[PDB]
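Asks: Below is the sequence, then the experimental coordinates.
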Amino acid sequence: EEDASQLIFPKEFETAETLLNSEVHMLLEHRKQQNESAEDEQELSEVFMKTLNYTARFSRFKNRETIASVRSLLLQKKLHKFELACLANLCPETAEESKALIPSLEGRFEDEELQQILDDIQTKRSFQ
Amino acid sequence: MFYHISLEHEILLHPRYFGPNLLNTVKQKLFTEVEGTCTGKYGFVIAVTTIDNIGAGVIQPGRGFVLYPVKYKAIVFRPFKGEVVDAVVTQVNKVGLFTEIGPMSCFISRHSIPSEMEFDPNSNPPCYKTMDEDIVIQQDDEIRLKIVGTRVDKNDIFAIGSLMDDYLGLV
Amino acid sequence: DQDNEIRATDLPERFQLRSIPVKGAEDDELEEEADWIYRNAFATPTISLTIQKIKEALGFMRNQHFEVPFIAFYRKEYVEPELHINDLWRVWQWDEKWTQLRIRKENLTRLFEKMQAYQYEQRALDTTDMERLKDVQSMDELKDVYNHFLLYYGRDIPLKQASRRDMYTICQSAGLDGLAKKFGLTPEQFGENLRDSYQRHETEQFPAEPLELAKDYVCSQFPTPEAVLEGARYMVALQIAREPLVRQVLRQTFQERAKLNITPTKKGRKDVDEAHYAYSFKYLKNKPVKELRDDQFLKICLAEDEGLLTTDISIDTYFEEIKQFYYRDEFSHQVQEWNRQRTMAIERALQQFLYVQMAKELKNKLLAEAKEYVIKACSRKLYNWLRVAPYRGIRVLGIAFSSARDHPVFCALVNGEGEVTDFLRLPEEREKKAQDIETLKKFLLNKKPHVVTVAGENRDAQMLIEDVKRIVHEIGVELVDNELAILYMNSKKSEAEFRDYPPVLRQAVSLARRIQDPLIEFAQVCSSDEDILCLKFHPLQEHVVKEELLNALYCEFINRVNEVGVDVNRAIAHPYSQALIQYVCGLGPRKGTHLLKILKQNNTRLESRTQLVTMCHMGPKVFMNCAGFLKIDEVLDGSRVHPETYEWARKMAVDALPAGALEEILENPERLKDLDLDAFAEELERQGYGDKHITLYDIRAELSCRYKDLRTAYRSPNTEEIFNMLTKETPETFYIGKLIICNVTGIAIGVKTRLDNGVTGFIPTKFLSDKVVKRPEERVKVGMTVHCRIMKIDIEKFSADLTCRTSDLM
RNA sequence: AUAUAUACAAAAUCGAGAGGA
């Protein structure tokens, strides 16, 4: 019933706040900071590990401010939080790749408007 | 996808924890209970960020325990059908490619791998390749893939992938 | 069904199984192989653990289809003295590797050619097609070539392309190639500079400073002309770090000057203490990889997988050396700029591409060496089991037992042939023990069994052997290992063969069978990969690759089974032994069961060896492969001589002085030295055609005694063996100074403490401080358990000093 | 240079009558 491509979600992920893999990243090492210190605490689960490594492997922005800026930039334009996160996580190159990856951007914007959007992403994309 | 959502829980507090430092105990029990688990309604529960409200703790008549209802926020990772995410192959079989989209495990049946690719077990690292090897997926490679189907198993989500359409696969 | 053609084709079974099927050679392909096999299978590894020979062998393997045993036992002169059986197995192992490489090198050849076409249609490939691909001596450098290509030409496939991660292509969008070219010194060249460790190619200055060139290229993805410098450096970096030549030198550098640092993770500081395996390297610093010992890195890496420890491989500087190249001298101040950019480009290359990838490469190399050691050890251990001769068929009696507290002893008399004859159960006390002893002697009198063997489970084997000794004197008695028998018992087959018996009788039959001929029993009870792996060949066995490990173990079996050879008839008439035939070279599980089949079906015994192709349908190549190795107690069949040498052997028989001739020779060698090796060899230049001297030397040997067994003769275990067997832990596992939980029993002047290991623990009188002084109760109450530290061992009596003083405990 | 055990709740319903406080 739930369909990302058709932009369908169950009611719980309507007021949900999305993230970018780099947001999740920085928060997960934040929690590593909490865990490594504060002894007499349970070690983080292998699930926590798998997600940590993954988001680390694909966090396209390695600076907090840059992530914030990315976000903010995606906010000011009418976009769904879902597409917000998919664009920022996937970092597509050309407008047509975006459509292939995020069909829910079908007809929403113009390919050129979108293109300079993507370009704005990429230009904020931090070196690492 | 990763999200940040608000949730519900009631903890029973044994009377040994009445005393100073008892709300901490309500915390620490929320931590030790909710985190690390996976539920199909919400998907992988990565961690709990910030609680909101500790309710009024009702002594249960007889039996001692106090029941505190709690409000809290947590990170969750919930795939959805028709989504495209990056994934890392961990191992390659003639059936398909086992990948993981983070904590979740995903699989791409041979049929879902395009037709050009063939599976080559004979390779020094086993891999799926084209005859000319212009594109080669093997261990540790990152790929994009459409989550075409997901399934619940023991509160554990695993996805079903596809590399059909344009701009998927080997990154 | 695959099994049908395999049973039916004319190649040895184990040839069809292999993933890369075996295709003939060319003798130029073969020479290049042999060179490769030499260099790679005989170059020093990174942790401390003729080509014509390889040529000849590969020829045998790949063109004639001789299996490694036939090469090894019937083409010695070709490959000896420089290849042994294990060497040939290694050679065929690496021939697979060669072929994989050849096939990937081919694939890449085509891919490159296609790209050349496409480029002609429209940088380019000129020699790198030649220079690189043809000169790929290793899969590693093949990936360099391959990834190198994919950087530049990978963009163009003629579905959509699936944009890359590394954002090189974002730069390549905005002509950032312009800058990269304009940094001096194209990456090929730089790699050359490294390769020679001195500035073979000078750089190219420019009439500007970086920024001005940047204004040209600063557009859209990169405004702010510094951002285009960043892109340019990054471009330069990947290009450097993908360049194969850079990779070669830097891969080497890592090989030679690689240090290993280790620290413990939160989880590790706590749980790594003095008995955890990792204790010796919980903290390492600048351990050079050249010093990693045999399996040490396997442990290190396991300990990292357990997360309790964290590691890294590096060189420390190298960067400093390197930067001296891509550099210029004059102080113009418009070159200190370019030099600075140049430098930090190389930083990025090394710091986030090459160092990392080289570290993973090396880790895998090391780790895999370690693995190999472990496999090697497991193989060596099995070699040792299998290389022990039968005792001096024989009626063996085998006694097994258990904890024995309310559990009886069964013994099994196993015939010479190996079939169990009869069994006996042997369950205030002193009279009970006495009655048992009496009935034992009754059994032993009645049915005189040559050898009485007693399991090893614990100290009780000692008393058990000594009682039996006490009996027999009034014909040998031997302690015997019990590890395989445990496996037999637990296995479903033992149920199969003895539905009625209790399990410990199943050990009894086993332990008798193994003493009679260990190879047969191992082969019978190690029937499947799971089974063999149940045995404990090495502590780390569990971590090495199942496939590789099974391979080594099965090859060990193959080796010995061929030396021992297999009598088909007995494997018929006593279906116990059927397992062997699998390992006879030329045969296999499929081919073997087939042969046993036809023989069963026809209800005939192999009267001869030529009866094989004659009466069964086995093709020429397999008969050549195997036939050597099938005893048939036509007299030459029961001898290691091959059927292709029967004529030479008969000739030698005549030259001794032909049924009278042979039987006389068999009755005695009238003149061993009747022969002249040189003379037979000389003739063989025109009759037999080869330097078959050693073959003759063997045939003479074989005429001496038909199938002389080459196993080593049995020896009862050295007391070290007894110790590590009954106690079941190793010279390593008694770490003198280990800490151990022991139980105190009773001051016999001492403090007699029983170890869980079945070991007596004698806290010495010095710590005790009471010989004629009051008993030491005040130090400790009798009855309970304490944990103390070893300070001496008495293996020959199973006693170990211990320690009271927490000073010793610290 | 020694030292023997371990299984689990069995017993119903209806009707009548006689009593007890």
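Replies: Received the coordinates, thanks. Residues are numbered from 1 along each chain as shown, chains lettered A, B, ... in the order given.
Asks: For the longest helix along chain A, which helices and strands make contact with it?
Replies: Using DSSP state H, we find that the single longest helix of chain A is helix A:21-36. Applying 3 or more C-beta pairs under 8 Å, 6 or more residues apart in numbering or on different chains; DSSP states H and E, one finds that helix A:21-36 makes contact with helix A:46-58, helix A:64-76, strand B:2-13, strand B:43-54. Just so you know, the C-beta spots here come from the backbone N, C-alpha and C atoms, and that holds for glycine as well.
Asks: before we move on, what SS does residue 78 have?
Replies: By default, I'm working from chain A. coil (DSSP: H, G, I helix; E, B strand; the rest coil).
Asks: Sorry, I should have been clearer: chain C.
Replies: helix.
Asks: How about the contacts made by it?
Replies: C:53, C:56, C:57, C:60, C:71 (C-beta atoms under 8 Å, 6 or more residues apart in numbering or on different chains).
Asks: since we're on the spatially closest residue to residue C:606 that is not a sequence neighbour, how many residues are nearby?
Replies: Leaving aside its sequence neighbours, residue C:606 sits nearest to residue C:568 (C-beta to C-beta, 6 or more residues apart in numbering or on different chains; 4.9 Å). Other residues near residue C:568 come to 25 when the count uses other C-beta atoms under 10 Å in any protein chain shown.
Asks: which residues sit in contact with the residue of chain A found nearest RNA strand D?
Replies: Closest residue of chain A to RNA strand D, C-beta to the nearest atom of the strand: residue A:42 (37.6 Å). The contact partners of residue A:42, taken as C-beta under 8 Å, 6+ apart, are residue B:32.
Asks: again with residue C:388
Replies: Counted by C-beta under 8 Å, 6+ apart, residue C:388 has contacts C:518, C:711, C:712, C:714.
Asks: Count the neighbours of the closest residue to chain A within the stretch 151-300 of chain C for me.
Replies: With C-beta to the nearest C-beta, the shortest gap between the stretch 151-300 of chain C and chain A falls at residue C:163, namely 4.3 Å. Residues lying near residue C:163 (other C-beta under 10 Å) number 19.
Asks: what does residue B:27 give?
Replies: Residue crowding around residue B:27 was assessed by other C-beta under 10 Å; the count is 16.
Asks: quick one: which helix or strand includes it?
Replies: Per DSSP states H and E, residue B:27 falls inside helix B:22-34.
Asks: Let me know the outermost residue of the chain.
Replies: All of this is about chain A. Going by C-alpha atoms, centre = their mean, the residue of chain A most distant from its centre is residue A:40, 33.2 Å out.
Asks: oops, I was thinking of chain B
Replies: In chain B, counting by C-alpha atoms, centre = their mean, residue B:62 sits farthest out from the average C-alpha position, at 39.6 Å.
Asks: Contacts only, for it.
Replies: Applying C-beta under 8 Å, 6+ apart, no residues contact residue B:62.
Asks: Confirm it sits in a helix?
Replies: No - Residue B:62: not assigned to a helix; according to three-state DSSP it is coil.
Asks: What strand or helix carries the residue nearest to residue B:32 when sequence neighbours are not counted?
Replies: Excluding the flanking residues, the one nearest residue B:32 by C-beta to C-beta, 6+ apart is residue A:42, at 6.9 Å. For residue A:42, there is no host helix or strand (DSSP H and E).
Asks: Any buried residues in the longest helix of chain A, and which?
Replies: Within helix A:21-36, the residues that count as buried by 16 or more other C-beta atoms under 10 Å in any protein chain shown are A:21, A:22, A:23, A:24, A:25, A:26, A:27, A:28, A:31, A:35.
Asks: just to revisit the earlier point, widest-spaced pair of the contacts of residue C:388?
Replies: C:518 and C:712 (11.1 Å; C-beta to C-beta).
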